[PDB]
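Working notes, structure below.
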Amino acid sequence: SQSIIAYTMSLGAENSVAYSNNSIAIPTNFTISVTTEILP
Amino acid sequence: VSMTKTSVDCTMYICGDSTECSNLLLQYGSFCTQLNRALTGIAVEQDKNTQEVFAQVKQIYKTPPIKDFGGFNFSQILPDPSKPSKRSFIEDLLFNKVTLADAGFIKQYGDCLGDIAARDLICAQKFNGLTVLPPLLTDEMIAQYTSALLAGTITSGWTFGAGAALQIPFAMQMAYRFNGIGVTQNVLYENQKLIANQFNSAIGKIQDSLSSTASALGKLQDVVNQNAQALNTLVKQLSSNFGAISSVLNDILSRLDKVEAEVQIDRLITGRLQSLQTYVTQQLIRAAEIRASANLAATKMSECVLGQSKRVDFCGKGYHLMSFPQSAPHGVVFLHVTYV
Amino acid sequence: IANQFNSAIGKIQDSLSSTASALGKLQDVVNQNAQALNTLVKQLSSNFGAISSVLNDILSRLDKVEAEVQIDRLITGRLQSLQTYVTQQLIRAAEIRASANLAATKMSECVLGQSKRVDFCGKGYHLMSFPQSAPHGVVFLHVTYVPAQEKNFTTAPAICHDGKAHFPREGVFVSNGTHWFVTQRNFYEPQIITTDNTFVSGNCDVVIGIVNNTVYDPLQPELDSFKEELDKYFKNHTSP
Amino acid sequence: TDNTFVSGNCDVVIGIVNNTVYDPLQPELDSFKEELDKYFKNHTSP
Ligand SMILES: *[C@@H]1O[C@H](CO)[C@@H](O[C@@H]2O[C@H](CO)[C@@H](O[C@H]3O[C@H](CO)[C@@H](O)[C@H](O)[C@@H]3O)[C@H](O)[C@H]2NC(C)=O)[C@H](O)[C@H]1NC(C)=O
Ligand SMILES: *[C@@H]1O[C@H](CO[C@@H]2O[C@@H](C)[C@@H](O)[C@@H](O)[C@@H]2O)[C@@H](O[C@@H]2O[C@H](CO)[C@@H](O)[C@H](O)[C@H]2NC(C)=O)[C@H](O)[C@H]1NC(C)=O
Ligand SMILES: *[C@@H]1O[C@H](CO)[C@@H](O[C@@H]2O[C@H](CO)[C@@H](O)[C@H](O)[C@H]2NC(C)=O)[C@H](O)[C@H]1NC(C)=O
Ligand SMILES: *[C@@H]1O[C@H](CO)[C@@H](O[C@@H]2O[C@H](CO)[C@@H](O)[C@H](O)[C@H]2NC(C)=O)[C@H](O)[C@H]1NC(C)=O
Ligand SMILES: *[C@@H]1O[C@H](CO)[C@@H](O[C@@H]2O[C@H](CO)[C@@H](O)[C@H](O)[C@H]2NC(C)=O)[C@H](O)[C@H]1NC(C)=O
Ligand SMILES: *[C@@H]1O[C@H](CO)[C@@H](O[C@@H]2O[C@H](CO)[C@@H](O)[C@H](O)[C@H]2NC(C)=O)[C@H](O)[C@H]1NC(C)=O
Ligand SMILES: *[C@@H]1O[C@H](CO)[C@@H](O[C@@H]2O[C@H](CO)[C@@H](O)[C@H](O)[C@H]2NC(C)=O)[C@H](O)[C@H]1NC(C)=O
Ligand SMILES: *[C@@H]1O[C@H](CO)[C@@H](O)[C@H](O)[C@H]1NC(C)=O
Ligand SMILES: *[C@@H]1O[C@H](CO)[C@@H](O)[C@H](O)[C@H]1NC(C)=O
Ligand SMILES: *[C@@H]1O[C@H](CO)[C@@H](O)[C@H](O)[C@H]1NC(C)=O
Ligand SMILES: *[C@@H]1O[C@H](CO)[C@@H](O)[C@H](O)[C@H]1NC(C)=O
């Protein structure tokens, strides 16, 4: 039941930003993340 | 940011439709594969360069429908929903100042033969095995990434690069941007009408300049011109003798036998093969120039658009506030806002 | 913060233990240099129009005057093979020098420093990085503060208190819905709006979107408690 | 005294000039000296 499919690629999840002339979002908490980057 | 993706049918370039020449060409071995592998390595990375520059958000931010940005009028650089491709007004100027040749997008002979075979250099390139492929991202997909980066920048400031997008009022973002350049944040709030009018007037001068001059995108037209001149030079190298009785492969095989032709055809293979080697050497060297430009453009995207840059004269001449990306044919355009 | 770094380093081990394609940037550079030597070796098998690809089989069959017409083909084709290889390697080497110069810039600016350059040292606000060697390369373990649990707040550019307009020294103003606070921009830690948290410039009328609140002067109850110290000393000395 | 910080004395800083750094606490206490003095002048009465 597996087959090769062809599609127009998605660019990313759509997000309307909840902007208003007096609304701010501030982080009540954080994540420390470690990301590996590999260079020749 | 990128350049045209050529792929060259090395046996049809050297030996167009001939068996005798294809059986002679085999005696040079790996060369036609080495050329196609090398050109595939250039064609594969034009999509790397365009992806590294534009695909710096995995989330397509959409603007609010209401434009309460505190006087700053991005309607000139934001998408126009009325258009069949949803690019902005300044992008529709940039897309007309650079005149592309063959975006890869389908040929059906009716246009490549008859009235359109004659003048059209692109059919002469194709009929000798020289083929141009389409980019992975269409001009509509590049406009959607540019739209996400801009809709992110105006609504969210730098915060959409560092993590999840956090909304902040635009005149409140500009107060952070003023503290960035060591100016106190009240110097915005006590002058906000003036700062908005100066921004709107300065974008008015971007529209006017791009609408007026014939030469502004010269850095991009000079890439289209170099690719088109290199394919035209590669086509003209088919008209040379290299010391054979004719340049034309069928004029040898319709005049000379299975042993006089081998002495002639091997000249044309030697000179044609050196012509492909010279082309792919130039195109590999060239592709390193475009790579270096794309890695710079991805850095100006990362540091001027997703951020604010304390690096002097990196993001235009002045104290950097912010930048807006705009796409162009085979490139990117930054509108760098600066306090002077 | 220590538990999150220790947990995130534990995911570096698990990722490198699990997935095949991650170090693809280094393996692709081995595979190009090996494929180029293997292509250069396979090109010795080519005739280039001589009677053999094998140089000693020409010299085993032809005399000097007939052999040099064959050997010269092989010289011409094999010297074109080396010039092609050395051209490919001279072009390639500039890809690796540009990457070595980037890795040297990431060493200086991400390892020996802290980078304010956005997304240079991984997606986040850079805290630090650690170098790790890899075959023909380097791996940087970029540590970044990423903001996580954001809640929306009402905000204002300025506060009015005394006809004067007040602005954050460092931070931004926010309201929970009933009370106004000042807070640092990158972590919600709310504080009472005071004359120590805020600087003054001009009157209310010039600021777009300014709001009314009451800015605490922490000197005032420290003097008003001194007024009750003064006034009780006054009432007592009425008595004698 | 809120705009500026102090360090050492005049003899070391090449090109230092004379002026008078306002202390915004000082007249807020001198007006408290008048709030003090008026109560003493009233207390001469009873
Ligand atoms: C906005 O934030 C305000 C500060 O956190 C908050 O007001 C505070 O509410 C608490 C109760 O949740 C009060 O706590 C005191 O309540 C009485 C006061 O007489 C005492 O019996 C208790 O022991 C306790 O000390 C705080 O006094 C009060 N703070 C202030 C400055 O009034 C608001 O409720 C928050 N509003 C929203 C919309 O969330
Ligand atoms: C942050 O807020 C936006 C909208 O602002 C609030 O919207 C109301 C619901 C109310 O809380 C008001 O006091 C604020 O003005 C949120 O955007 C909403 O997202 C939902 C889906 O989650 C969507 O159905 C609504 O249409 C959106 N509303 C608007 C006006 O855009 C956003 O989700 C909030 N984010 C978080 C994490 O709570
Ligand atoms: C901030 O987020 C962290 C997670 O990164 C929270 O830590 C977790 O807290 C819950 C209980 O609330 C535990 O069940 C988890 O095991 C904790 N995780 C870790 C890594 O210790 C933290 O409590 C949050 N802090 C605040 C103030 O919201
Ligand atoms: C932002 O600027 C644009 C022009 O660049 C304004 O749009 C114009 O508005 C007038 C008046 O309604 C129309 O007659 C023009 O035809 C509009 N031009 C375009 C291209 O749409 C827009 O109104 C400005 N926004 C604000 C808030 O002032
Ligand atoms: C592929 O060929 C078909 C013809 O078979 C093209 O379809 C024609 O398109 C024109 C323009 O819209 C119409 O006027 C014709 O009547 C169509 N004919 C048919 C049979 O469909 C089609 O446009 C071609 N596609 C490409 C990409 O070249
Ligand atoms: C902030 O406070 C000021 C002063 O209390 C308000 O201004 C007053 O507005 C009323 C109604 O128009 C007038 O009758 C007063 O004479 C005004 N006084 C001053 C000093 O302006 C102002 O309206 C308040 N603003 C908000 C948003 O609440
Ligand atoms: C700044 O003020 C100080 C003090 O008023 C000056 O120093 C005085 O100079 C005079 C003249 O030489 C002496 O008679 C005083 O005894 C000095 N006072 C002290 C405390 O040393 C100083 O000259 C002034 N400098 C300038 C540039 O005006
Ligand atoms: C903000 O926008 C609202 C409409 O959503 C409007 O009523 C208000 O006057 C605006 N205020 C400022 C300070 O721009
Ligand atoms: C009043 O002042 C006298 C000093 O004259 C002191 O001894 C006494 O404790 C004071 N009492 C009060 C209630 O202040
Ligand atoms: C500055 O230069 C003038 C001469 O133009 C000299 O008299 C004066 O003493 C100098 N002052 C300082 C602080 O160097
Ligand atoms: C003095 O104090 C009395 C109360 O004991 C008060 O009524 C009066 O107004 C005060 N007068 C002055 C000059 O302080």
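One-based numbering along the chain as shown.
The header says electron microscopy, 3.2 Å.
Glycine is no exception: its Cβ is also placed from the backbone N, Cα and C atoms.
The feature coiled coil is assigned by Swiss-Prot to C:27-71, with sequence analysis given as support. What Swiss-Prot records for C:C110-C:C121, C:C160-C:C204 is disulfide bond, and it gives experimental evidence as the kind of evidence. Feature annotation from Swiss-Prot assigns N-linked glycosylation site to C:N152, C:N176, C:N212, C:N236.
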Ask   = Roughly how many Å separate the Cα of C:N152 (N-linked glycosylation site) from that of C:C110 (disulfide bond), to the nearest whole number?
value = 33
Task = Determine the Cβ neighbour count for C:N236 (N-linked glycosylation site): the number of other Cβ atoms within 10 Å of its Cβ.
result = 9
Remark   = Smallest Cα-Cα separation from C:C121 (disulfide bond) among the recorded positions C:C160, C:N176, C:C204, C:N212, C:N236 is shown by C:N176
Message = On a C-alpha basis, identify the one among C:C110, C:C204, C:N212, C:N236 that is nearest to C:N176 (N-linked glycosylation site); the candidates are the recorded positions.
response = C:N212
Key: Listed recorded positions among C:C110, C:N212, C:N236 whose Cα sits within 10 Å of C:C204 (disulfide bond)   = C:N212
Request  = Run through the Cβ atoms and count how many others sit within 10 Å of the one on C:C160 (disulfide bond).
outcome  = 19
Task = Between C:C110 (disulfide bond) and C:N212 (N-linked glycosylation site), find the distance joining the two CA atoms and give it rounded to the nearest Å.
result = 44
Message = Quick test of understanding: given the recorded positions C:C110, C:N152, C:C160, C:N212, C:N236, name the ones whose C-beta is under 8 angstroms from chain B.
response = C:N152
Task = Would you mind listing, in sequence order, the residues at least six apart from C:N212 (N-linked glycosylation site) in the same chain with a Cβ closer than 8 Å to its Cβ?
result = C:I159, C:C160, C:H161
Note = If you tally other C-beta atoms within 10 angstroms for each of the disulfide-bonded residues C:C110, C:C204, the top scorer is C:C110
Remark   = Mapped onto three states, the DSSP assignment of C:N236 (N-linked glycosylation site) reads helix
Task = Just name the recorded positions among C:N152, C:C160, C:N176 whose Cβ comes within less than 8 Å of a chain A Cβ; none is a fine answer.
result = C:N152
Inquiry  = Does any of C:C121, C:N152, C:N176, C:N236 have a Cβ within less than 6 Å of an atom of ligand 9? These are the recorded positions; tell me which, or none.
reply    = C:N236
Inquiry  = Less than 6 Å between Cβ and the nearest atom of ligand 6 is the rule; apply it to the recorded positions C:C110, C:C121, C:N176, C:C204, C:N236.
reply    = none
Message = I'd like the Cβ neighbour count for C:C121 (disulfide bond), meaning other Cβ atoms within 10 Å of its Cβ, all protein chains included.
response = 26
